[PDB]
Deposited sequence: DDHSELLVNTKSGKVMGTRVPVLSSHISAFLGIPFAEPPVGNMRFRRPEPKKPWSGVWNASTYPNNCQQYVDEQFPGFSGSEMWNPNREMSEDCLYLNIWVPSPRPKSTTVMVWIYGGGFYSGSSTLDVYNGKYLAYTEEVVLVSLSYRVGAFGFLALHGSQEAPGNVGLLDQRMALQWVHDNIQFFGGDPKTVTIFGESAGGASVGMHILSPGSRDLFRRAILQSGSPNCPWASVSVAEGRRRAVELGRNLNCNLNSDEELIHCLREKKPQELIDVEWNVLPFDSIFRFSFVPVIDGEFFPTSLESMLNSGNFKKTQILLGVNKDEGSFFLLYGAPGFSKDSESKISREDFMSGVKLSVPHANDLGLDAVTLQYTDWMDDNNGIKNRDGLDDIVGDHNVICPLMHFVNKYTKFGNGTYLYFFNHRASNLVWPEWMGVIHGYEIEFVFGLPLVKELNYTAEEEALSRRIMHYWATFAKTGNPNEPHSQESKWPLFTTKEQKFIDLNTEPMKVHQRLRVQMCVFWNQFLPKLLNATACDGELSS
């Protein structure tokens, strides 16, 4: 039977799923690690012990324990990211969508979800892989990994909570795909990892980590890069946050062993209830437990690895969306609200910049404010609102990604850069938010091809070309089918817009602002 597959870990039984008036096979909830529960909480993952009998893979697995968003109870724009399955620390599973009839050796894509390293699920409706698998004839995999303290609490030097274990979860799933995807019809030598935001940062982290490089062929990064300012911390800051977490739960802090034992007896929700109290600054776009520059998973600083070409050399396809900052300003900056046009006063602008660049001294905050203010019209509420969206987006997503692409391209084997700027016709978020962080995903997973979802015919067509660009790149290392998406080069720096209008090629994506964020401001903060 097409729904039965024997892997090196055991037999697995999938289920048939309807898709656009046809059907494909799905193997949901395949375990790739031992449940990281009890004394295994905070530990590196262990491979799943092989099982006899048939694993029932007909239903989605539990989602990892995480902070649930209650900012807009019941609002769909918000609920679409929340766990849609019961949460459990027993959550290390992966999902596979396989074309029917079963391929022999086809292109494989493995999705890594985002969620600021503190949330995320492989089971969300926007990540349903049946459309992409079906439409492009690829074997589509979505993995999962521990988030929040469970995935990233780091007490460097300790073997019990070393940090980065969520990244090791991703790697273990990638090892499992490398070892077993051939049985599902996938070519393990043509595995493309792709992910958005913390998932895109994760993809870049596997490109950098010597221990992950050999497990995949090429990479796609959507609105995230490894060097994002929110994506990692030093071992000293990670240690400081772990100790502050213990301090919030009245833990014995005399030793790492004491702290970890205490943290392991707490129920999951108790850690989540105080997770946000350990940030060092009042800030937006900063998350508590994230990857640590540890000397193991990351051998040296990310910048020296990038500078010296110490990373996997292959082809990459990546990009950003037009209004990367709006989501975070809505959730945490003064003056923004979901149901108003959010015109921002001069004062709220200044407190927004302080929140956006938490690590900056006063001269630094002045430089940002000067750079983003139109001084002939400084009380313009729309301009201040949009200026803050650019500050947040440029500092946290865009300029770090432009820095990564320029460093990468010098040693890589092919780069394709995009700028996604289509505002979905059925977007439920207010107009002032624009093209929001995360909202290109639905186009990548082909949701616009299902009628009940209400997209325009042109949005369906944009989704189909994005899916074909992504799958053709996964297959060949070039999104173009032999109107061209040009290669991004060190000299030319070309990229394309991704929207419903005829393709336009541009150059040096937000260079002006990124020279400020990547070269000037760090020099300024260093001298002062």
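Numbering the deposited sequence from 1, one finds several regions with no C-alpha coordinates, namely 1 to 3, 486 to 489, 536 to 543.
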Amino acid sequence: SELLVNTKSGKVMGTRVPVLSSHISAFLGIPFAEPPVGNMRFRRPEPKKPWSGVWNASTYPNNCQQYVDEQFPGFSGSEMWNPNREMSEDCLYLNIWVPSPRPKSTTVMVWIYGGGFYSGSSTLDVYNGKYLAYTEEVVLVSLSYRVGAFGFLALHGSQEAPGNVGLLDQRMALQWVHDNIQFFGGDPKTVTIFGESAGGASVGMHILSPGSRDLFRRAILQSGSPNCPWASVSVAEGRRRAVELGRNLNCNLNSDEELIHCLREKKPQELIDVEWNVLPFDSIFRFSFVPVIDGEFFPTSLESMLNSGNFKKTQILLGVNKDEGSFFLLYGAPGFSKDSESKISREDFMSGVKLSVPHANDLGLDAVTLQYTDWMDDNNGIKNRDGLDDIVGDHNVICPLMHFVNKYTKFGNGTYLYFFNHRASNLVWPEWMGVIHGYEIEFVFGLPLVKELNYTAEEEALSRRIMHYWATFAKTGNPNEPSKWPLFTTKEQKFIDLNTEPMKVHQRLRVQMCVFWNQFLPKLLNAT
From here on, numbers count along this sequence of modelled residues.
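Throughout, rigid core stands for the largest set of C-alpha atoms superposing within 1.5 Å between the two forms.
Taking the rigid core as the alignment reference, the C-alpha atoms of 279 to 287 lie farther on average from the displayed form in 9 other deposited structures of this protein than those of the other stretch among 279 to 287 and 116 to 124. For the pair 145 to 153 and 246 to 254, the mean B factor over Cα atoms is greater in 246 to 254. With 236 to 244 and 450 to 458 compared on mean CA B-factor from the PDB entry, the stretch scoring higher is 450 to 458. Set against one another, the Cα B-factors of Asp394, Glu270, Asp323, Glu440 in the record reach their highest point at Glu270. Across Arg286, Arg264, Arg217, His206, the greatest Cα temperature factor reported in the deposited entry is at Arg264. The entry lists a Cα temperature factor for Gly129 that places it in the middle third of the chain's modelled residues. Ranked by Cα temperature factor within the chain, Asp169 sits in the lowest third according to the deposited record. When the modelled residues of the chain are ordered by their C-alpha B factor, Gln159 lands in the highest third. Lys383: CA B factor in the highest third of modelled residues in this chain (values from the PDB entry).
In this PDB entry, the Cα temperature factor of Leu259 sits in the top third of its chain's modelled residues, the highest group.
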